[PDB]
Number of protein chains: 2
Amino acid sequence: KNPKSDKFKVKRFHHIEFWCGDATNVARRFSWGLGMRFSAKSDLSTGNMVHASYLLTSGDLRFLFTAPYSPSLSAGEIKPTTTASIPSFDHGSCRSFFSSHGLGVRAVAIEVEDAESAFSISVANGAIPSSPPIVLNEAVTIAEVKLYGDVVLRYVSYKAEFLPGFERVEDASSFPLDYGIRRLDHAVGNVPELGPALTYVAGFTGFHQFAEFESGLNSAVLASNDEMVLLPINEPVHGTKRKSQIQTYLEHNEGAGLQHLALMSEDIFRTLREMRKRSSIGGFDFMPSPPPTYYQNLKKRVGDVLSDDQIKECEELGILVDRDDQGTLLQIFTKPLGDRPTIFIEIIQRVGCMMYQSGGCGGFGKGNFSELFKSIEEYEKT
Amino acid sequence: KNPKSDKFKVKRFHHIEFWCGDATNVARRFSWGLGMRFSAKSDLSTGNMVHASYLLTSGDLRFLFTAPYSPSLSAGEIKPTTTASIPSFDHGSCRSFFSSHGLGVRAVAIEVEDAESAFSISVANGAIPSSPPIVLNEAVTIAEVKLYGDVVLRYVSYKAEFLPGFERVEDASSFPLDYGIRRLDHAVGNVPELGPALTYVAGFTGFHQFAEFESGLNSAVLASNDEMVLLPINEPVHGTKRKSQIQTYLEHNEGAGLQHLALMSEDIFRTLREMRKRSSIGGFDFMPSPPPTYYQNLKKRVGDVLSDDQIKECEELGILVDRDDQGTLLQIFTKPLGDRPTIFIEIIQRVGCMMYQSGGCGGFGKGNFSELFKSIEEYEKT
Ligand SMILES: Cn1c(=O)n(-c2ccccc2)c(=O)c2cc(C(=O)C3=C(O)CCCC3=O)ccc21
Ligand SMILES: Cn1c(=O)n(-c2ccccc2)c(=O)c2cc(C(=O)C3=C(O)CCCC3=O)ccc21
Ligand SMILES: [Co+2]
Ligand SMILES: [Co+2]
């Protein structure tokens with residue numbers, strides 16, 4: 001069931017913004033680890049005396065990395081005279097965010113038809129305002145409302161080059177890395193209480209619940225009209241044998257925040273080969289692979305979707321496979337991206353649901369909790 | 001002239017500690033960019049609820065990267081019951097340092113015979129105490145005094161495995177990168193006033209002035225008895241045609257601090273080839289190369305030390321060459337390591353002064369200021 005109840009016209013995920021202590025080092029690490037190209041900058045060299053912001057791109061995926069300069073560089077400025085290219089930025093907010101949460105996502109940005117209208121309608125429907133609509137160079141409008149914790153939902157709308165005041169990165173400094181990642185599939189929040197979080201976000205967006213089919217969590221997925229903007233949310237389940245990963249997140253993050261970003265690959269086997277080659281030379285690490293019993297049991301579940309060779313390719317890369325009633329999901333999870341056991345990345349590829357591919361084809365892999373446990377127990381038996 | 005006036009027995013540079021917002025991302029970037037191996041850790045996985053610390057090594061060079069966790073993880077602790085492996089660490093100090101200065105060196109650590117004695121003698125001779133001597137697992141003693149700005153001089157002494165409480169990094173997560181860097185040659189501070197800075201540091205160490213032969217700076221070099229611990233200091237020269245790079249540093253750093261680390265390579269040509277291959281894929285960028293007039297003029301100055309081919313290798317890597325009356329210096333400078341125009345790295349290799357090689361052989365390249373300007377002007381002519 002999809003009532004298509006969006007209260008304003010939503011297009012696609014636009015970008016994800018990380019708030020960092022040093023944007024340069026995080027961006028260079030992410031670029032190498034994920035195969036993303038440096039494509040735009042806003043920093044001292046572009047006249048921005050407030051913040052350093054570096055944009056990485058892979059296909060349609062946009063990762064922005066921002067850190068504050070010394071406030072003394074911009075002490076003479078006022079908001080009317082700011083040199084910040086993202087006028088919602090605040091030194092105190094950014095330092096407080098990073099000192100409280102460590103490295104993490106500050107903004108989940110979606111493109112809309114009219115960011116001023118989206119902001120107005122959202123706030124009229126219960127959204128907590130974060131930054132009012134601001135028109136940049138009469139070309140782009142940005143506005144922000146609170147999503148959960150200190151994460152904001154950022155609306156961006158264009159009249160007709162990432163943002164004004166950003167400069168394209170010289171091709172010498174712009175190496176064309178590409179490991180196959182193409183777009184953001186979903187962005188997942190961890191909260192202490194799922195019910196109130198869903199009521200709040202569904203309240204001001206009109207996003208609807210995307211239906212699913214002792215893991216430590218309850219979850220639900222909010223979706224836009226065409227189900228291309230997907231915002232799952234988790235809460236912990238307490239009193240379990242193994243401590244809930246959601247609760248550990250909430251403790252180390254100092255509360256609610258963004259838990260994982262799922263990045264769609266046009267060839268998850270190539271992406272994982274390339275990322276795994278770089279794990280120990282500056283890139284990202286992956287969770288430990290499931291036991292071979294998991295891939296032995298892969299035949300009876302998806303033996304009609306993947307050949308035995310393609311199943312062999314999954315086992316040597318540690319890829320997980322799940323299936324709903326409409327499609328098949330290939331997925332794998334990185335270890336946490338930074339010092340704290342908080343944010344991580346998921347790499348995914350979806351098989352099926354062609355009409356273009358419909359959003360969420362194959363689900364989100366919730367079945368892989370049970371299959372993992374079953375495999376683990378029956379691998380010990382063997 | 002070397003009066004050998006050290007007030008306590010100093011051995012060698014031991015390590016450099018960076019205070020970071022996220023130690024993981026900075027360390028992974030530096031590892032790939034410089035060819036340093038992950039060799040030790042102290043973090044949540046080792047029981048440290050206070051800070052994450054990751055050690056990179058290349059030869060005898062030791063880079064430590066540290067960032068604070070949420071203070072809430074260790075709220076029950078007191079200094080007697082701390083789980084921090086570096087007991088001088090302070091959450092508030094670290095967040096204040098990083099919010100004030102951005103990514104940079106907090107500690108220049110030297111090995112001494114007796115860190116408690118070095119601390120006592122230093123403070124008795126005017127050193128401002130930072131962290132008193134603390135004996136770790138009855139095996140290592142660390143103490144800290146102020147050096148300049150918020151940078152500390154850290155004394156470490158061993159009775160007879162980096163520090164207690166650190167664990168060796170599993171060889172799977174430990175890729176044996178090596179681009180030829182072997183040790184720290186010198187560590188350079190920027191201050192507003194050179195005179196008082198030298199008087200202070202020479203006052204409590206007994207280090208002596210290491211003699212040199214409109215660049216925007218005045219400088220001097222303090223040295224230990226065998227001139228293997230080398231601590232240059234710069235001050236700006238104001239009212240110049242081009243703004244002093246020292247003054248720009250002081251402005252963007254919010255005051256005095258560590259300006260550059262010079263890393264000795266056992267083969268600067270291999271090091272630069274390897275680092276330059278990685279500049280645009282996560283590594284470090286280098287300052288723009290001198291014009292070919294510079295390398296044309298290289299024959300008449302060092303044509304007796306380097307062949308024409310080895311001079312050719314210098315021009316294609318952008319390496320600078322200088323000479324004193326005892327040896328020859330090969331050097332090159334990176335662009336700043338992080339967001340701010342503050343800290344950078346120098347790669348060096350020294351030729352001559354064999355007896356082992358004596359410290360500072362060839363000087364520090366101060367002659368390369370004039371040679372660069374001369375080359376620049378006479379390249380425009382050609
Ligand atoms: C098997 N499995 C898993 O093991 N971990 C895991 C990772 C690192 C450390 C420990 C556990 C996951 O996080 C994980 C996450 C998902 C997931 O993406 C997801 C959604 O997107 C939204 C609906 C709720 C949901 O479940 C699926 C399977 C997962
Ligand atoms: C030619 N040259 C240079 O161009 N820069 C530069 C770098 C980036 C941006 C602009 C200028 C330098 O920093 C630089 C530094 C040194 C140096 O190391 C040094 C010492 O170690 C101690 C004594 C004082 C001193 O000079 C030598 C030559 C240098
Ligand atoms: Co997911
Ligand atoms: Co130097």
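Here are some notes:
- Distance between the stretch B:291-326 and the stretch A:122-182 - C-alpha centres, whole angstrom: 49
- With the biggest extent put first, the Cα atoms of the stretch B:180-331 measure 46, 35, 31 Å across the principal axes.
- Each of the peptides B:94-100, A:48-54 was scored by the mean count of other Cβ atoms within 10 Å over its residues; in descending order, highest first, they stand as A:48-54, B:94-100.
- Relative to the other identical copies, A:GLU77 shows label-point distances of 3.8 nm, where the label point lies 7 Å from Cα along the Cβ direction and values run shortest first.
- Here the spin labels are modelled as points 7 Å beyond Cα on the Cα-Cβ line, and at B:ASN137 and A:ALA160 they lie 6.4 nm apart.
- Considering the stretch A:235-287 at the alpha-carbon level, its Rg and Dmax are found to be 15.3, 40 Å.
- When +1 charges are put on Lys and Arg Cβ atoms and -1 charges on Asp and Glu Cβ atoms, the dipole computed for the protein assembly as shown relative to its Cα centre reaches about 20 debye.
- Cross-linked pairs A:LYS146/A:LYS335; B:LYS146/B:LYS366; A:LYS277/B:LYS335; B:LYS300/B:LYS374; A:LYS299/A:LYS374: Cα-Cα separations exceed 18 Å for A:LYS146/A:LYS335; B:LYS146/B:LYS366; A:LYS277/B:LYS335.
- Proximal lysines relative to A:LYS9, as straight alpha-carbon distance under 16 Å, when same-chain residues fewer than 8 apart are discounted: A:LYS159
- By Cβ position, the chain A residue that hugs the axis carrying A onto B most closely, with its distance in whole Å, is A:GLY21, 1.
- Neighbouring partner chain Cβ atoms per residue of B:96-103, average, 10 Å criterion: 4
- For the protein assembly as shown, the calculated P(r) over all alpha carbon pairs, in 10 Å bins from 0 to the bin holding the longest distance, is 3, 13, 22, 24, 18, 12, 6, 2, 0 percent.
- Two-decimal log10 I(q)/I(0) for chain A, as the Debye equation yields it once each C-alpha is a single scatterer, q = 0.12, 0.13, 0.15 Å⁻¹: -0.94, -1.11, -1.49
- Highest to lowest packing among B:329-337, B:126-134, scored as the average C-beta count within 10 Å: B:329-337, B:126-134
- The protein assembly as shown, helix-only ellipticity at 222 nm - DSSP H runs n ≥ 4, -39,500 (n - 2.57), divided by all residues, nearest 500: -7500 deg cm²/dmol
- Mean per-residue shielding of peptide B:25-38 is 6, counting Cβ atoms of other chains within 10 Å of each Cβ.
Here the Cβ is made from the backbone with ideal geometry for all residues, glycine too, and neighbour counts use every protein chain on show. All of the numbers you see were taken from the coordinates with simple rules; none came from a lab.
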